[PDB]
Each structure stands twice: as structure tokens, then as C-alpha cells.
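S.K.: Structure file query30.pdb, PDB, C-alpha atoms, is pasted below:
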```pdb
ATOM      1  CA  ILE A 411      36.209   6.524-138.276
ATOM      2  CA  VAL A 412      34.383   9.731-137.379
ATOM      3  CA  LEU A 413      30.640   9.438-136.749
ATOM      4  CA  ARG A 414      28.297  12.428-136.616
ATOM      5  CA  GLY A 415      24.783  13.495-137.504
ATOM      6  CA  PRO A 416      24.405  13.484-141.285
ATOM      7  CA  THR A 417      23.673  16.856-142.863
ATOM      8  CA  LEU A 418      20.355  16.876-144.740
ATOM      9  CA  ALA A 419      19.454  19.867-146.904
ATOM     10  CA  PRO A 420      15.721  20.529-147.390
ATOM     11  CA  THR A 421      14.687  20.932-151.017
ATOM     12  CA  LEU A 422      11.505  21.392-153.114
ATOM     13  CA  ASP A 423       9.327  24.508-152.699
ATOM     14  CA  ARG A 424       9.443  27.421-155.155
ATOM     15  CA  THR A 425      10.889  30.924-154.789
ATOM     16  CA  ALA A 426      10.206  33.933-157.034
ATOM     17  CA  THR A 427       7.890  32.086-159.420
ATOM     18  CA  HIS A 428       4.998  33.641-161.371
ATOM     19  CA  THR A 429       4.714  37.005-159.650
ATOM     20  CA  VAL A 430       1.068  38.114-159.461
ATOM     21  CA  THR A 431       0.955  41.241-157.235
ATOM     22  CA  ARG A 432      -2.804  41.704-156.871
ATOM     23  CA  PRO A 433      -3.352  42.613-153.188
ATOM     24  CA  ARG A 434      -5.338  45.841-153.656
ATOM     25  CA  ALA A 435      -8.878  46.119-152.283
ATOM     26  CA  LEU A 436     -11.089  48.869-153.684
ATOM     27  CA  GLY A 437     -13.139  51.132-151.432
ATOM     28  CA  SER A 438     -12.799  54.399-149.536
ATOM     29  CA  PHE A 439     -14.664  56.822-147.279
ATOM     30  CA  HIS A 440     -15.757  60.339-148.248
ATOM     31  CA  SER A 441     -18.879  62.496-148.495
ATOM     32  CA  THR A 442     -22.184  60.852-149.387
ATOM     33  CA  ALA A 443     -24.054  63.050-151.896
ATOM     34  CA  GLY A 444     -25.578  66.489-152.384
ATOM     35  CA  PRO A 445     -29.285  67.372-152.061
ATOM     36  CA  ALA A 446     -29.642  70.062-154.730
ATOM     37  CA  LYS A 447     -32.347  70.642-157.338
ATOM     38  CA  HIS A 448     -33.880  73.494-159.315
ATOM     39  CA  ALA A 449     -37.123  74.258-161.131
ATOM     40  CA  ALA A 450     -37.672  75.505-164.688
ATOM     41  CA  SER A 451     -37.578  79.213-163.728
ATOM     42  CA  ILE A 452     -40.853  81.180-164.002
ATOM     43  CA  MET A 453     -42.873  81.920-167.141
ATOM     44  CA  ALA A 454     -44.716  85.204-167.705
ATOM     45  CA  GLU A 455     -47.393  85.666-170.397
ATOM     46  CA  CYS A 456     -49.656  88.534-169.336
ATOM     47  CA  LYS A 457     -50.579  91.924-170.802
ATOM     48  CA  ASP A 458     -53.564  94.085-171.871
ATOM     49  CA  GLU A 459     -54.606  94.522-168.194
ATOM     50  CA  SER A 460     -57.453  92.012-168.226
ATOM     51  CA  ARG A 461     -58.586  93.118-164.746
TER
ATOM     52  CA  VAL B 413       0.514  76.327-130.098
ATOM     53  CA  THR B 414       1.686  79.509-128.368
ATOM     54  CA  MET B 415       5.253  80.748-128.812
ATOM     55  CA  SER B 416       7.492  82.260-126.130
ATOM     56  CA  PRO B 417       8.948  85.733-125.516
ATOM     57  CA  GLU B 418      12.411  84.192-125.803
ATOM     58  CA  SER B 419      11.463  82.862-129.239
ATOM     59  CA  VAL B 420      10.004  86.182-130.386
ATOM     60  CA  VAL B 421      13.096  88.096-129.243
ATOM     61  CA  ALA B 422      15.505  85.552-130.762
ATOM     62  CA  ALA B 423      13.640  85.622-134.086
ATOM     63  CA  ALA B 424      15.176  89.024-134.780
ATOM     64  CA  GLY B 425      18.924  89.545-134.851
ATOM     65  CA  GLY B 426      20.987  91.826-132.636
ATOM     66  CA  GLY B 427      22.676  89.056-130.669
ATOM     67  CA  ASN B 428      26.317  89.540-129.754
ATOM     68  CA  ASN B 429      29.191  87.187-130.580
ATOM     69  CA  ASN B 430      28.661  83.485-129.819
ATOM     70  CA  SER B 431      25.012  84.082-128.902
ATOM     71  CA  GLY B 432      23.277  81.884-131.503
ATOM     72  CA  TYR B 433      20.667  84.545-132.299
ATOM     73  CA  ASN B 434      23.117  87.019-133.846
ATOM     74  CA  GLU B 435      21.451  86.383-137.207
ATOM     75  CA  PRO B 436      17.664  86.316-137.648
ATOM     76  CA  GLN B 437      16.199  82.939-136.723
ATOM     77  CA  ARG B 438      13.519  80.952-138.552
ATOM     78  CA  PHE B 439      11.441  78.133-137.078
ATOM     79  CA  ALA B 440       9.243  75.348-138.433
ATOM     80  CA  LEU B 441       6.624  73.024-136.953
ATOM     81  CA  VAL B 442       6.572  69.245-137.471
ATOM     82  CA  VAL B 443       3.807  66.836-136.415
ATOM     83  CA  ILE B 444       4.129  63.036-136.265
ATOM     84  CA  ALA B 445       1.459  60.415-135.552
ATOM     85  CA  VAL B 446       1.773  56.673-134.906
ATOM     86  CA  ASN B 447      -1.230  54.616-136.012
ATOM     87  CA  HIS B 448      -2.317  50.975-136.166
ATOM     88  CA  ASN B 449      -2.905  48.807-139.233
ATOM     89  CA  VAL B 450      -3.774  45.199-140.060
ATOM     90  CA  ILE B 451      -1.996  43.045-142.657
ATOM     91  CA  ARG B 452      -3.486  39.841-144.078
ATOM     92  CA  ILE B 453      -1.322  37.039-145.495
ATOM     93  CA  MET B 454      -2.958  34.516-147.821
ATOM     94  CA  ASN B 455      -2.102  32.640-151.033
ATOM     95  CA  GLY B 456       1.494  33.840-150.829
ATOM     96  CA  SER B 457       0.506  37.508-151.044
ATOM     97  CA  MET B 458       0.583  40.473-148.669
ATOM     98  CA  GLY B 459      -2.068  43.177-148.735
ATOM     99  CA  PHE B 460      -4.125  45.381-146.472
ATOM    100  CA  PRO B 461      -7.688  44.025-146.070
ATOM    101  CA  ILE B 462      -8.954  47.478-145.025
ATOM    102  CA  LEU B 463      -6.710  49.860-147.032
TER
END
```
How does the structure come out when it is put into C-alpha cells?

M.R.:
Amino acid sequence: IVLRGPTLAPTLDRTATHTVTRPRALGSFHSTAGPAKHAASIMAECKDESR
Amino acid sequence: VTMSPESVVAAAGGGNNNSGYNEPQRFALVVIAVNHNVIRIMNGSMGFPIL
């Protein structure tokens, strides 16, 4: 009778189970900030020519 | 990039039969770049660690 290496099929594991899909990592590179500021304009209360 | 006198004269028409530039010719510019990236594999997921 014919003799040969028996064929064994691996089993177990898990394929396409409980898809998560969360690989994103937040963060990027762009400009830092802007150094801008302003004062409260200029007030003027003067009349009568007090020298 | 600087064009060529052949290009500037072939842009207009006036070419004779079987000349290719019989009709006015239009040109476009294309730029390609090949860059490097890193892919991290962990917990059965694929994602860029640097984005």
C-alpha cells in the first residue's frame, strides 16, 4: 500500500474579526503664533487754552 | 525652466502636411517626487507613526 507524508492542515487563528481601524496619530507642523497687540487708542479732553 | 526656440515656433501653427505642428500646440508641465515613509505594525493594525 502507498506510503507518503500525511497532509496536515493548520487551523485556529482568526481572520476578519472585530474590525477596529484606529491607526491615526494626531499632530502636524505649521506656523507657531502671531505677535500682535494694540492699545486703547488715545483720549483727548482739553480745551479753554489753559496755558 | 526655460523653453526652446523649437518649442516657441511649434506652438503656433503654419506647419505643412505631416509635420506635427500644423495645428497650434499646447504644452503642460508635470513634476513627480519619490519620498520615504515609515510604517509601524502592532496589535494587528497598520498605521503611520509619524503621519

S.K.: At a cut-off of 10 Å, which residues of chain A touch chain B? Count all atoms listed in the file and give the answer as a PyMOL selection string.

M.R.: chain A and resi 429-438

S.K.: Go ahead and write the residues just picked, C-alpha atoms, as an mmCIF file, in the frame of the given file.

M.R.:
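Generated output (out_32.cif):
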```
data_model
loop_
_atom_site.group_PDB
_atom_site.id
_atom_site.type_symbol
_atom_site.label_atom_id
_atom_site.label_comp_id
_atom_site.auth_asym_id
_atom_site.auth_seq_id
_atom_site.Cartn_x
_atom_site.Cartn_y
_atom_site.Cartn_z
ATOM 1 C CA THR A 429 4.714 37.005 -159.650
ATOM 2 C CA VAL A 430 1.068 38.114 -159.461
ATOM 3 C CA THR A 431 0.955 41.241 -157.235
ATOM 4 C CA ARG A 432 -2.804 41.704 -156.871
ATOM 5 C CA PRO A 433 -3.352 42.613 -153.188
ATOM 6 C CA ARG A 434 -5.338 45.841 -153.656
ATOM 7 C CA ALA A 435 -8.878 46.119 -152.283
ATOM 8 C CA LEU A 436 -11.089 48.869 -153.684
ATOM 9 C CA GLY A 437 -13.139 51.132 -151.432
ATOM 10 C CA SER A 438 -12.799 54.399 -149.536
#
```

S.K.: In Å, with one decimal, what is the gap from CA of residue 444 (chain B) to CA of residue 414 (chain B)?

M.R.: 18.4 Å

S.K.: What is the CA of residue 419 (chain B) to CA of residue 438 (chain B) distance in Å?

M.R.: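 Straight-line distance from CA of residue 419 (chain B) to CA of residue 438 (chain B) works out to 9.7 Å.
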
S.K.: Figure out the distance between CA of residue 455 (chain B) and CA of residue 423 (chain A), please, to one decimal in Å.

M.R.: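 Between these atoms lies a distance of 14.1 Å.
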
S.K.: Quick one: 8 Å padding each side, axis-aligned, all listed atoms of region 441-458 of chain A - centre and edge lengths in Å to one decimal, as lines of an AutoDock Vina configuration file?

M.R.:
```
center_x = -36.2
center_y = 77.5
center_z = -160.2
size_x = 50.7
size_y = 49.2
size_z = 39.4
```
